[PDB]
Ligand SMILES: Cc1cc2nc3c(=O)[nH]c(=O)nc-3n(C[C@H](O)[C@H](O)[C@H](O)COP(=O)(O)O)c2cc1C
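As structure tokens, one chain now follows by itself in the form solved without this ligand.
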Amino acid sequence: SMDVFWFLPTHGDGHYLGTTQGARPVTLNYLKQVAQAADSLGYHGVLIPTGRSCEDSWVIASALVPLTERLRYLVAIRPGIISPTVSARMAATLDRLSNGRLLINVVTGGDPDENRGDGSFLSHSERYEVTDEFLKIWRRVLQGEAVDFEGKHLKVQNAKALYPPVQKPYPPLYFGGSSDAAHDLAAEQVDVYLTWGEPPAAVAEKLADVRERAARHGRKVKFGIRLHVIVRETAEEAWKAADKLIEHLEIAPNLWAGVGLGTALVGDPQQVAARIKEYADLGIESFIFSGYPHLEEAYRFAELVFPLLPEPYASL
């Protein structure tokens, strides 16, 4: 098993970082270009970032659903800024219109200035307490249950979502975060645990922790990894583009941390495929890639790396 995702640049696109030269603004037309590109090329889905620097994820995901056939949308929900019941009704509606193509990314929100701008004044420990109570109401409501919940942060009485989702029991929950409270939350409620691109040894340390905590609850979770990718026909062109990307550091074999100014895979197709094989051998089944620009690099990655990956990507 392997699910290869791409990325929707709802915060802006371009060729280079740290400059407005060659910048591509977020428009409906260009978002359609990237989304329909990932759709026809055979990517499993697309990840939509969230935050103050982005256009709204739910508006954009809903706008692209009727313009695409098979592509799934990994949409972020932010507990603490919306009612869990309302969030569940939004998820059910979009999952129904998409015929079961919705995936949920649970985002706790790190930036305190951004959280206060949204009206949330919570400590780090309180944010995960809200997410824990949020997901409990959200998951139970989407399964047809009339929820009565009174927790430390959230309180609902007779919460109902009258329109059932297509995916059962609910759209899959993706979650990232390296905190101790985050790993407990992932092991208890989520379906796929996400991590940034770290060296294989450090990733295995994170995975084994979540795997053990989930076993204490009698659960098993799948694993995914997030990686930028600069892949070229030869290794020389790839590193030249990585330098060119940050004009205006190799922490592991072909693992470049320049985008963190998380990390990126830089090299020829065999090198890039070998690092993917190393991550897959650890138990990772989801891969979320990105590249600059997001339109051209979606074709670049599909034409250079897909033939070296397992089916169905080998046949695309």
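By rigid core we mean the largest C-alpha set that fits within 1.5 Å across both forms. All residue numbers refer to positions in the sequence shown, first residue = 1.
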{"query": "Greater root mean square CA deviation, 135 to 143 compared with 196 to 204 in 4 other deposited structures of this protein, core aligned", "finding": "196 to 204"}
{"query": "Residues of the deposited sequence left unbuilt between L249 and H248", "finding": "10 or more"}
{"query": "Absent coordinates between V59 and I60 - deposited residues affected, binned into four classes", "finding": "none"}
{"query": "Comparing 157 to 165 with 231 to 239, the one whose average Cα B-factor in the PDB entry is higher", "finding": "231 to 239"}
{"query": "Which of 179 to 187 and 91 to 99 has higher mean CA B factor, as the PDB entry lists it", "finding": "179 to 187"}
{"query": "Residue of maximum C-alpha B factor among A37, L47, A63, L282, per deposited coordinates", "finding": "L282"}
{"query": "Residue with maximal Cα B-factor (values as given in the PDB entry) among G119, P171, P79, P199", "finding": "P199"}
{"query": "Chain third (lowest, middle, highest) by recorded CA B-factor, residue given as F301", "finding": "lowest"}
{"query": "CA B-factor placement of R226, once the chain's modelled residues are sorted into thirds", "finding": "middle"}
{"query": "Assigned third (lowest, middle, highest) for the C-alpha B factor of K277", "finding": "highest"}
{"query": "Ranked against its chain, the third holding the CA B-factor of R211", "finding": "highest"}
{"query": "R72, C-alpha B-factor rank within chain (lowest, middle or highest third)", "finding": "lowest"}
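Here the subject shifts to the form deposited with this ligand bound, a form of this protein not shown in this document.
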{"property": "Accessibility of shown form to this ligand in the bound PDB entry, site-C-alpha superposition, 2.4 Å backbone/C-beta rule", "result": "open"}
{"property": "is_contact(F223, this ligand) in the bound PDB entry, heavy atom dist at most 4.5 Å", "result": "no"}
{"property": "This ligand contact at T50 in the bound PDB entry, heavy atom, 4.5 Å", "result": "yes"}
{"property": "Partner proximity in the bound PDB entry: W196 to this ligand, non-hydrogen atom cutoff 4.5 Å", "result": "yes"}
{"property": "Contact flag, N99 vs this ligand in the bound PDB entry, heavy atom cut 4.5 Å", "result": "no"}
{"property": "All of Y128, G177 and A182 within 4.5 Å of this ligand in the bound PDB entry, heavy atom check", "result": "yes"}
{"property": "Answer option from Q167, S87, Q189, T108, heavy atom within 4.5 Å of this ligand in the bound PDB entry", "result": "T108"}
{"property": "Of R232, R140, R213, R78, the one that lies within 4.5 Å of this ligand in the bound PDB entry (heavy atoms)", "result": "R78"}
{"property": "Answer range among 90 to 98, 237 to 245, 169 to 177, 140 to 148 for contact with this ligand, defined in the bound PDB entry as heavy atoms within 4.5 Å", "result": "169 to 177"}
